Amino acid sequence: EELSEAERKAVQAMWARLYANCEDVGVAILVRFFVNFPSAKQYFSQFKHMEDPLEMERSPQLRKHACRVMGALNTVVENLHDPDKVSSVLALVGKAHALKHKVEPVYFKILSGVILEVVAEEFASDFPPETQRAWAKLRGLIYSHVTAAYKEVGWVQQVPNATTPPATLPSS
């Protein structure tokens, strides 16, 4: 689903308030994500054993990713008026994560959900249905473009996904 102009401008304004604290917000997002989904830490050699969120917050590798994530998303959000630019930015991010980092797409789905949870909580006083819908669309946009990029490089998404163990007595 495509953002209307009003939806775009709402997201852009809300996002700019987050980006003014780019690292505190990115770190909060990532820590919440890793605490809730420790399997996602597998990709990060320097914090894959960390359990304590206080320790995670101070991990340089985590913090660098937090800063890079916020920068990349900032480029997306500032350019939402330019669909072709949005597509190119997310295609680069997607292809890098598919090919260099080999990240399971499930982690993009999940992280995008965490971002939305953090926004809904940070802006709970200012989050009516119109604004909720705008952010939901942005989540969809991010995941859609990233998965398209994975498909383009030949990642074949499976149902059940690739990580799920086999049923001992399956059914069709």
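The first residue of the shown sequence is 1; numbering continues from there.
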Next on the checklist: Using only C-alpha atoms and the B-factors in the entry, which stretch averages higher, 81-89 or 68-76?
Outcome noted: 81-89
Item to check | Given 141-149 and 27-35, the range whose Cα B-factors average higher in the PDB entry | outcome: 141-149
Item to check | Chain-relative CA temperature factor third for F47 | outcome: middle
Item to check | Lowest, middle or highest third - CA B-factor, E121 | outcome: highest
Checklist outcome for this item: Split the chain's modelled residues into thirds by Cα B-factor; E104 lands in the lowest
Checklist outcome for this item: Entry-reported C-alpha B-factor of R58 relative to its chain, by third, is highest
